[PDB]
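Survey of secondary and tertiary structure
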Amino acid sequence: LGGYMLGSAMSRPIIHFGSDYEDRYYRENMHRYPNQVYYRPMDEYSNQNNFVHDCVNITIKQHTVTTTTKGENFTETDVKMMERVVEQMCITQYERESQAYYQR
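Parameters and conventions
In this document, every chain is numbered from 1 following its sequence as written, which may not correspond to the numbering used in the entry; residues for which no coordinates exist are not shown. Only hydrogens and water are removed before side-chain values are computed, so all heavy atoms of the structure are retained for them. The numbering of helices and of strands both runs from the N terminus, where a helix is a DSSP run of H or I of at least 4 residues and a strand a run of E of at least 2. Only C-alpha atoms enter the radius of gyration; for comparison, a globular chain is expected to reach 2.2 Å times N to the power 0.38, where N is the number of residues. Should any heavy atoms of two residues lie within 4.5 Å, those residues are counted as being in contact. Note on areas: Shrake-Rupley with a 1.4 Å probe; residue coverage comes only from the protein chains shown. Under the pairing criterion, centres of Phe, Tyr and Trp rings, with the six-membered ring standing for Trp, must be within 6.5 Å; the plane angle then separates stacked pairs below 30 degrees from edge-to-face pairs above 60, leaving the rest tilted. Note on classification: 1.4 Å probe, protein chains only; a residue is buried when its accessible area is under 20% of the maximum for its type, exposed when over 50%, partly exposed between these limits. Here, a charge over a ring means that NZ of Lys or CZ of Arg falls within 6 Å of the ring centre while also lying within 35 degrees of the ring normal. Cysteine sulfur pairs qualify as disulfides if the two atoms are within 2.5 Å. UniProt positions are given in the numbering used here, feature names are shortened, and annotations may be inferred rather than shown by experiment.

1. Some remarks on the overall build of the protein chain
In terms of regular secondary structure, the protein chain is built from three helices and two strands. What you see for the protein chain is a C-alpha radius of gyration of 14 Å, in line with the 13 Å of a compact globule of 104 residues. In terms of overall dimensions, the protein chain has a C-alpha envelope of 45 × 30 × 20 Å along the principal axes. Within the protein chain, contacts between residues separated by at least 24 positions form 72% of all contacts whose residues are at least 6 apart in sequence. Split by element, the accessible area of the protein chain, about 7600 Å² in all, is 44% carbon and sulfur.

Below, the structure written as structure tokens:
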């Protein structure tokens, strides 16, 4: 996992899991969860959600791998929480640079 750059940061979004505890558990700890995503400048092929799929996957996985070796045992919930958040971040990132392709 090289040959990629990291965009600006965006405000760690509070996707609701349907239970205030999951919301707050994340929230107080939201400093731990990622606030940026791996992307490219406009890429070469642009997509609604398939971009998000891989943009998320790589960013999610880059937590999941490292965290294991930084002595932080992350379970399905420490990933699935993050997943919704990284999905947002990749949506936001796509929409944030692709918007300005129509303003050049």
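2. So, the packing of aromatic side chains
Counted under the stated rule, the structure contains three aromatic pairs. Here the aromatic rings of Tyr21 and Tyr25 are separated by 6.4 Å at their centres, their planes lie at 10 degrees, and the arrangement is stacked. Of this pair, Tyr21 and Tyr25 both sit in helix α1 (residues 20-28), four residues apart, which is roughly one turn of that helix. Residue classification places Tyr21 among the exposed positions, given a relative accessible area of 62%. Positioned above the aromatic ring of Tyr4, the side-chain terminus of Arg40 is 5.1 Å from the ring centre.

3. With respect to the UniProt feature "disulfide bond" in the protein chain
In this model the UniProt disulfide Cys55-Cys90 is closed, its S-S distance of 2.0 Å falling under 2.5 Å. You can see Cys55 sitting in helix α2 (residues 50-69) and its partner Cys90 sitting in helix α3 (residues 76-98), a full 35 residues away along the chain. Per residue, the accessibility class of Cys55 equals that of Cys90, and both read buried.

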